[PDB]
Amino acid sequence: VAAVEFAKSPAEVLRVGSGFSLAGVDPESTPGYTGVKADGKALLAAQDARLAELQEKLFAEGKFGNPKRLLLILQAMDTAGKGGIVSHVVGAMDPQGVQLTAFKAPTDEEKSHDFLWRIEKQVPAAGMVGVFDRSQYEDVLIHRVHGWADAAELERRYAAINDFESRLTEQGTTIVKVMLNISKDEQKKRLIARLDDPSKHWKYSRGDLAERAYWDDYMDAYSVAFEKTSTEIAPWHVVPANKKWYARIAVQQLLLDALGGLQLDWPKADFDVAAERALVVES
């Protein structure tokens, strides 16, 4: 089967705008996409080639003094498929052009700095695509749910995040923020599937069952986070993810459309080609 492209851009239908509410989102929908799974798998393979070309241009431009770069931020509940999306996106790219960080629980060194210190260290360099599997937002989600910071601190964190994203954008970074949204039942279906497949027992974590008890608090944290931190220069996008195939192509199209907005082309030679060709031909 052949590539059915998005009918409407996900920068548009998946954006968190002034209207937004996270309960209006259906985790089963495929917004902007009129094809089905077979069509999506075929789009995905085309997307990969497109992404490889456009990242390679970002990189080439960066090697020649362009300051532009890109930062993909993924947040989602466990099971929602961040790992798989990260792996897919990174694997479509040249790894020497990508800076992936999967933020784990903070180290003691990290806990003794402001919450952005560890994040700022990892922002992508010129010409790079940075991928954040989890991000600075962890510090207004898990911490909120579990009362590990008061309404005041949370408020300051929201403002710091926005100031941070604003600094990065001014320095050249296009920030693509994605939340992968699965339903509370989809998570259950997924944890059960880990227990039913022996190949997946090594991944099962009791910790994921623990936190189901806090599921609606997490949805609230997210929704507040989006009211606070979805801006014109760094919009949030919430991508229905109950269908893995759809989330993959929605994340990828977001990336391609962000990269296509940068007007990347291949650098001209900084030397004389005709002459250099002759030198090689005599080499």
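The first residue of the shown sequence is 1; numbering continues from there.
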Please compare 142-150 with 115-123 and name the stretch with the higher mean C-alpha B-factor in the deposited structure. 142-150
When the C-alpha temperature factors are averaged for each of 105-113 and 78-86, which stretch ends up with the higher value in the entry? 105-113
Residue with highest C-alpha B-factor in the PDB entry, from 39, 216, 56, 257: 216
Return the residue from 252, 229, 242, 30 that has the highest Cα B-factor in the entry. 229
Quick one: classify residue 206 as lowest, middle or highest third of the chain based on its Cα B-factor. highest
What third of its chain's C-alpha B-factors does residue 95 belong to: lowest, middle or highest? middle
Chain-relative CA temperature factor third for residue 223: highest
Select lowest, middle or highest to describe the third in which the CA B-factor of residue 281 falls within its chain in this entry. middle
Based on the entry's values, in what third of the chain does the Cα temperature factor of residue 134 lie: lowest, middle or highest? middle
